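To start, the structure under review is shown below, and the notes come after it.
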Amino acid sequence: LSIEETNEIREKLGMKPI
Amino acid sequence: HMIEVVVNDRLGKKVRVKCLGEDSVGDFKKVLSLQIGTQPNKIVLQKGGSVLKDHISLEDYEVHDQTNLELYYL
């Protein structure tokens, strides 16, 4: 999975971005 | 500081998850679950046969870039 789509998932979970 | 962890399932599927060493195992499961279409409470992760606890960080389990974990479904 791309870094960008991973970061989309992270953001939605309330996590810090990569 | 991105690392990519390799998750191996019981049908031989390898799933690569981009994350941070500082992430908790629990939060790693949250990202993995959305990537593969499950929920964290439906899965277990092991490293070398030992179960990973949700409240401990990936890095404390010495999970690094390209580290392999084993995935099991409840």
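Chains V and E, in that order, are what the protein sequence lines are. Counting along the first sequence from 1, when you hit position 7 you're at 7 in our numbering, and nothing is skipped either side. Counting along the second sequence from 1, when you hit position 10 you're at 28 in our numbering, and nothing is skipped either side. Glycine included, each C-beta is placed from N, C-alpha and C at the ideal position.
Any beta-carbon of chain V closer than 8 angstroms to the one on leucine 87 (chain E)?
no
How would you label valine 69 (chain E), buried or exposed, when you count the other beta carbons within 10 angstroms and need 16 or more for buried?
exposed
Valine 49 (chain E) in three-state terms, based on DSSP
In the structure shown, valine 49 (chain E) falls within a helical segment according to DSSP collapsed to helix, strand and coil.
Mind reading off the beta-carbon distance from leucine 76 (chain E) to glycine 39 (chain E)? Whole number of angstroms is fine, and I expect it under 8 angstroms.
5 angstroms
Pair within 8 angstroms by beta-carbon distance, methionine 20 (chain E) and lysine 31 (chain E):
no
Output the distance between the C-alpha atoms of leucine 13 (chain V) and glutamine 84 (chain E), rounded to the nearest integer angstrom.
23 angstroms
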